[PDB]
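Visitor: Fold the following and give me the result.
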Amino acid sequence: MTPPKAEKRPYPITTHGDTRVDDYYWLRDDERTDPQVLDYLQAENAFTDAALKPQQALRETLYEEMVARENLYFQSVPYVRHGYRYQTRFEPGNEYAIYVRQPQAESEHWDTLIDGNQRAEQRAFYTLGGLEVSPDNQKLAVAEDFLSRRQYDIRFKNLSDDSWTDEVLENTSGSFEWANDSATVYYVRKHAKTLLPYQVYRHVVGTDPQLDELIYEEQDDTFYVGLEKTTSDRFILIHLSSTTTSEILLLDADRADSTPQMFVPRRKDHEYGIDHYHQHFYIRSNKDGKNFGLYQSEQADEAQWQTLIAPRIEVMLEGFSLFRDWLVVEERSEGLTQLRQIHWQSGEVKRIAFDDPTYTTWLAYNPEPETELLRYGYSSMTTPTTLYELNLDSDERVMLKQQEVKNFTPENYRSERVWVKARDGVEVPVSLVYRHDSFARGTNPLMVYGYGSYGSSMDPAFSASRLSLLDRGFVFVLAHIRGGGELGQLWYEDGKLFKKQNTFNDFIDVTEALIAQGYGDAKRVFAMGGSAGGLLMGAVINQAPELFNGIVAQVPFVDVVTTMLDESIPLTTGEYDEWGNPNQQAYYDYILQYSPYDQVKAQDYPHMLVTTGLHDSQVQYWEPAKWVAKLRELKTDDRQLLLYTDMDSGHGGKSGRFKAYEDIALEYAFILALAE
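Guide: Residues are numbered from 1 along each chain as shown. Below is the structure:
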């Protein structure tokens, strides 16, 4: 079977001095119009369809496995907020959810806030970006996208008679906050071209959208604009944030005249985020360390910040929650997430204990501070995702809801925390899981997942889909490679920019170790990763093709240099502090040397499935497309290279959820076939 050969159109870049010829630069089209591009993608999709056609039997098997353990009757965990209990209801034969609420003192009746299906009537796309009731519980602001271009139209509704307002606020990010008069909101506007949150406008609910005065214009290109509100309900915060630096202006939520009040001016490498409660500010700042500390102050002035939790080399401070008698904080240490409660008055401390070798715990939704009930999540590789409600005074823990998993008995699966000494001497943590009865050291197929970017952690949690693999001899693995945030800020900074090469080394080292230690079969080694995890993939294969038999590169970021050079591509402006700006010989040199597209050599590669989305936009469909074209011309091997490009538009990971389960069946079948 001859794979599709793309038309070679030489296009030289030439930056700083050295020239890169890109044969497949023409594959980029920002409108998705070009028939000649469409053809290559259709051709490549058609080839994929043909190669994977005998696996249909398995795909359907896996699809129904993964669907028949998920209740189509899905209610949420109800939360109280402003005296009303709020729940989301999914029911079969209905694509979008129904959001309901009831008086906190009420049981019998439930009121419909917004029905997605009703709003979806007569429209081609629907995605709910935001939904929040005004402080007085009379009005309902909602951020909806009826065109699905990641750009939301805010509308207001009166819950008394379910009547809507005249006006509609357009071109927003969906991020808004009510003022305490319940007739005035601030909202974040994107630019007409760049389409990145940079403007904050004040609207008076029921007035003209033209007469919505601009409040703040964020000039610095690298700074994302956001809107939070404090626990005190006193200040609406304008949270400016780049990847290293941050700034916070305050808006008086009680006065209808309030200009942004400078909290603490932005300083390079000082990331801070605030809250307000008990007539105090509570700040999480990295001014005295990478790992962050919690600080208290009467006013904004940085000098006046008292230290509550000083930064440490060994414990990352991730987040916090305020309550009447207790402070509760999110922390990591030794590759485990953990929680702590600290009494404001007494100073008493209580850790929350857990046996599991590979688990994740986190702070859940706690909107009302005046309670002794903490709400925190938990998940592991053997235990479904679970929400608990702990009484901070009595230590009594009640489980509010589990993840519902049918045809699943937990005792069938073993999990392990394995450390691996990397080439440079650094201990890299690993969270693996396998089926008890299928295991036999050195025979089992091995799937190594990894991300390792932005300081994002691949914390060991539960996966219902993963059971399809485990129940076929597989040992699924999470590699907590540098670039993620599993071992704190240091772990991220040691896996980005000039130390990005550590990410890929860490991945290869973990896989080799696990093979050497007999966790998996050395012939049937497989890997997988998405977006920045697809960058991981594209590099790993270039440098260590021998290791893996098969690969799944999801929506991969493989054309690193060219993409980061070209400003017109969105996301690029914020990612300068991640990979680097190749408008510097320094970063150009380093980035290029791992950049998977620039590093495609004429050698053997593993079996590979590259996936992408055309009309999703923020995937960059061409990066994988070009990458395959080049892999096809250069690779020396007989093994299969397939490119599936999604040609849809609507939905994503919910409502049109089943598309997401089709894609995983496609990929799992692919791997399973190779692993036979």
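Visitor: which residues are contacting stretch 508-521?
Guide: For stretch 508-521, the external contacting residues (CB atoms under 8 Å, 6 or more residues apart in numbering) are 418, 420-423, 428, 430, 432, 434, 441-446, 448, 475, 477, 479, 481, 522, 525, 527, 540, 543-544, 547-548. Using the backbone N, CA and C atoms, a C-beta is placed for each residue, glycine as well.
Visitor: need the strands for the stretch 501-650 of the chain, in chain order.
Guide: Under the criterion DSSP state E, counting those that start in this stretch, strands of the stretch 501-650 of the chain are mapped to 525-530, 550-554, 607-613, 641-646.
Visitor: can I get these in TSV with mean neighbour count and distance to residue 669?
Guide: Converted to TSV, the strands of the stretch 501-650 of the chain look like this (neighbours: other CB atoms under 10 Å; distance: least, CB to CB, whole Å):
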stretch	mean neighbour count	distance to residue 669
strand 525-530	25	13
strand 550-554	26	11
strand 607-613	23	10
strand 641-646	22	12
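Visitor: can I get those in a markdown table with distance to residue 599?
Guide: Listed next are the strands of the stretch 501-650 of the chain as a markdown table, based on distance: least, CB to CB, whole Å:
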| stretch | distance to residue 599 |
| --- | --- |
| strand 525-530 | 17 |
| strand 550-554 | 14 |
| strand 607-613 | 15 |
| strand 641-646 | 16 |
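Visitor: Can you name the residues bridging to the residue lying closest to residue 211 once chain neighbours are set aside?
Guide: Nearest non-adjacent residue to residue 211, counting by CB to CB, 6 or more residues apart in numbering: residue 204, 7.9 Å away. Residue 204 forms beta bridges with residue 184, as assigned by DSSP bridges.
Visitor: ok, now how distant is residue 204 from residue 183?
Guide: 7 Å (CB to CB, to the nearest Å).
Visitor: Could you check how far residue 340 is from residue 603?
Guide: Counting by CB to CB - residue 340 and residue 603 are separated by 50 Å.
Visitor: More neighbours: the two, which one.
Guide: Each of residue 340 and residue 603 has its neighbours counted (other CB atoms under 10 Å); residue 340 has more, 18 against 13.
Visitor: Now do the contacts for the nearest residue to the more buried one once chain neighbours are set aside.
Guide: Spatial nearest neighbour of residue 340, chain neighbours left out: residue 329 (5.2 Å); criterion: CB to CB, 6+ apart. With contacts defined as CB under 8 Å, 6+ apart, residue 329 is in contact with 294, 309, 317, 318, 319, 320, 321, 339, 340, 342.
Visitor: Which ones among those residues map onto strands?
Guide: Residues from the contacts of residue 329 lying in strands, with DSSP state E as the criterion: 294, 309, 317, 318, 319, 320, 321, 339, 340, 342.
Visitor: Output those residues in TSV, with distance to residue 659 appended to each entry.
Guide: Below are those laid out as TSV (distance: CB to CB, whole Å):
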residue	distance to residue 659
294	42
309	44
317	38
318	32
319	32
320	37
321	35
339	36
340	41
342	45
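Visitor: Which among those count as buried?
Guide: Burial by neighbour count, 16 or more other CB atoms under 10 Å: within the ones in strands among the contacts of residue 329 this picks out 294, 309, 317, 318, 320, 321, 339, 340, 342.
Visitor: Check which helix or strand the closest residue to the last one other than its chain neighbours maps to.
Guide: Put plainly, it is residue 342. Leaving aside its sequence neighbours, residue 342 sits nearest to residue 327 (CB to CB, 6+ apart; 4.4 Å). Residue 327 is located in strand 326-333, with elements delineated by DSSP states H and E.
Visitor: Provide the strand pairings for that strand, with the direction of each partner.
Guide: strand 316-322 (antiparallel), strand 336-343 (antiparallel).
Visitor: Adding distance to residue 567 as columns, could you present those strands in a markdown table?
Guide: Formatted as a markdown table, those follow (distance: least, CB to CB, whole Å):
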| stretch | distance to residue 567 |
| --- | --- |
| strand 316-322 | 33 |
| strand 336-343 | 37 |
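Visitor: So for residue 51, which of these sits nearest?
Guide: Closest of the strands paired with strand 326-333 to residue 51 is strand 336-343, at 41.2 Å (criterion: CB to CB).
Visitor: ok, and what's touching the closest one?
Guide: Outside strand 336-343, the residues within contact range by CB under 8 Å, 6+ apart are 318, 325-332, 348-352, 359-363, 374, 376, 392, 459.
Visitor: Give me the contact list for the helix ranked longest in the chain.
Guide: Scanning the chain for the helix with the most residues, using DSSP state H, yields helix 657-675. Identification of contacts with helix 657-675 by CB under 8 Å, 6+ apart yields 52, 55, 58-60, 62-63, 66-67, 445, 447, 465, 468-469, 472-474, 524, 526, 528, 549-550, 552, 607, 609, 611, 642, 644, 646, 648, 651-654.
Visitor: got the angle for it vs strand 525-530?
Guide: On the basis of axes from the mean of the first three to the mean of the last three CA atoms, to 10 degrees, helix 657-675 is oriented at 160 degrees to strand 525-530.
Visitor: Can I get the buried part of the contacts of strand 336-343 as one ChimeraX selection?
Guide: Remark: buried members of the contacts of strand 336-343, expressed as a ChimeraX selection using 16+ other CB under 10 Å:
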select :318,326,327,328,329,330,331,332,350,352,359,360,361,363,374,376,392,459
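Visitor: where's the residue nearest to residue 342 relative to residue 368, distance?
Guide: Using CB to CB, we find residue 327 at a distance of 16 Å from residue 368.
Visitor: Could you do residue 412 as well?
Guide: Taking CB to CB, one finds residue 412 at 40 Å from residue 368.
Visitor: Equivalent analysis for residue 374, please.
Guide: From residue 374 to residue 368 the distance is 12 Å (CB to CB).
Visitor: ok, now residue 495?
Guide: Per CB to CB, residue 495 is found 38 Å from residue 368.
Visitor: higher neighbour count, these two?
Guide: Here residue 495 and residue 368 are compared on neighbour count by other CB under 10 Å; more neighbours surround residue 495, at 24 against 15.
Visitor: what sits against the more buried one?
Guide: Taking CB under 8 Å, 6+ apart as the test, what residue 495 contacts is 452, 453, 481, 482, 483, 484, 502, 503, 506.
Visitor: And for residue 552?
Guide: Counting by CB under 8 Å, 6+ apart, residue 552 touches 526, 527, 528, 529, 537, 608, 609, 611, 667, 670, 671.
Visitor: Redo the residues you listed as a markdown table? Include distance to residue 280.
Guide: As requested, the contacts of residue 552 are arranged in a markdown table below (distance: CB to CB, whole Å):
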| residue | distance to residue 280 |
| --- | --- |
| 526 | 52 |
| 527 | 48 |
| 528 | 46 |
| 529 | 43 |
| 537 | 47 |
| 608 | 55 |
| 609 | 53 |
| 611 | 49 |
| 667 | 50 |
| 670 | 55 |
| 671 | 53 |
